[PDB]
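Participant: This is the structure I want to talk about, given as structure tokens.
Coordinate-derived values only; no laboratory data. As a convention, Cβ positions derive from the backbone with ideal geometry for all residues, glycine included, and neighbour counts pool all protein chains shown.
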Amino acid sequence: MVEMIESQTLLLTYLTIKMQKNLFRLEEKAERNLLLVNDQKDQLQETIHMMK
Amino acid sequence: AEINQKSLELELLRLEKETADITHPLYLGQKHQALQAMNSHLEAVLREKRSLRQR
């Protein structure tokens, strides 16, 4: 019984570490994409204001 | 964006203040009145030219 629980713990832990590593990579790519688009928004906003 | 809006407003108000003496209805109205008083006076003087000449 102790050997079975340990095997379960190993599976869960493996899944967890694998997911966390791949999630951090997505979050970083996402934030970068948002900042790039936000910067484009900011340039357009300044040009519109000057024209007005 | 908010700074830009307020900055424009300020610029507009400043332009209006600087040109008010020649452009605002209030100041222009006062000048009209002074001119009408003198007109009337001159009309009167011209109407009594003979009497004034005799005097």
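Participant: In debye, nearest 20, what is the charge dipole magnitude of chain B about its Cα centre with +1 on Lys and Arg Cβ and -1 on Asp and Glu Cβ, if you could check?
Facilitator: 840
Participant: The stretch B:4-55 to the stretch A:1-39: how many Å between their Cα centroids?
Facilitator: With the stretch B:4-55 and the stretch A:1-39 each reduced to a Cα centre, they are spaced 80 Å.
Participant: Mean shadow of the protein assembly as shown, computed from the convex hull of its alpha carbons, in nm²?
Facilitator: 14.2
Participant: Turning to a different aspect of this structure: Under a point spin-label approximation (7 Å from Cα along Cα-to-Cβ), what is the residue A:31-residue B:34 distance to one decimal in nm?
Facilitator: Spacing of the two 7 Å Cα→Cβ label points: 6.9 nm.
Participant: Now for a different question. Residue by residue, what Karplus-based ³J(HN,Hα) values in Hz, rounded to whole numbers, does the stretch A:21-34 have, using 6.51, -1.76 and 1.60 with θ = phi - 60° and x for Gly and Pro?
Facilitator: Each residue's phi maps through the Karplus curve to give 4, 6, 5, 4, 5, 5, 4, 5, 5, 5, 4, 4, 5, 5 Hz.
Participant: For chain B, what does the equivalent ellipsoid look like in terms of its semi-axes, each the square root of 5 times an eigenvalue of the Cα gyration tensor, given largest first in whole Å?
Facilitator: In descending order the semi-axes read 51, 6, 4 Å.
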